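Since every read-out is calculated from the coordinates, none of them should be taken as a lab result. In this analysis, Cβ positions are derived from the backbone assuming ideal geometry, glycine residues included, and neighbour counts consider all displayed protein chains.
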């Protein structure tokens, strides 16, 4: 899926450790679908960049919901967090597409970012509770 969902649920659970991640890391896409970007059993640094194009109504900012799991529906995966990329034109009719990158460290640290193509503005979150 090449679009955005954005369920309000952040996480508020948290954890901590290192080694390998028990669940694969991905984003939520419209219709409640979970799109995996990073495979699990993470022991080495791993980068993924994916470009998502979508037409949203009255959009002032794009909110990326980050989860871990293997389930085809994001509803059934563990929500790690979310971040909202702001500075998007208020109602961008003709919006190009927002680039989301999942960067993984050797310690298995999940660093997610999103950058709007036309505006060039970016926002990033570092989730350090992915690994065991």
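Does segment 70-132 come out rounded, prolate or oblate, given a ≥ b ≥ c as the square roots of the eigenvalues of its C-alpha gyration tensor, rounded meaning a/c under 1.5 and, failing that, prolate meaning a/b above b/c?
On the way: a/c = 2.74, a/b = 1.72, b/c = 1.59.
In terms of gyration-tensor shape, prolate.
What number in nm² do you get for the chain if you take the convex hull of its Cα atoms and divide its surface by four?
Projected over every direction and averaged, the Cα hull of the chain covers 7.1 nm².
Which of 21, 60, 113 ends up with the largest GNM mean-square fluctuation for the chain, with Cα atoms connected below 10 Å?
Sorting by GNM fluctuation, first place goes to 60.
So for the chain, averaging the separation of alpha carbon pairs under 8 Å that are six or more residues apart and normalising by length, what relative contact order in percent results?
On the way: 360 pairs, mean separation 38.7, N = 132.
Result for the chain is 29 percent.
With the crude spin-label approximation of a point 7 Å out along Cα→Cβ, what separation in nm comes out for residue 86 versus residue 118?
2.0
With a cut-off of 17 Å, note down the residues of segment 68-111 whose backbone N falls inside the zone around a label point 7 Å from the Cα of residue 43 toward its beta carbon.
Residues passing the 17 Å test: 105-109.
So how far apart, in nm, are the two label points at residue 70 and residue 125 if each is 7 Å from Cα heading toward Cβ?
With each label placed 7 Å out from Cα toward Cβ, I get 2.5 nm.
Calculate, for residue 15 and residue 99, the FRET efficiency according to 1/(1 + (r/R0)^6) with r their C-beta to C-beta distance and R0 35 Å; round to the nearest 0.05.
0.80
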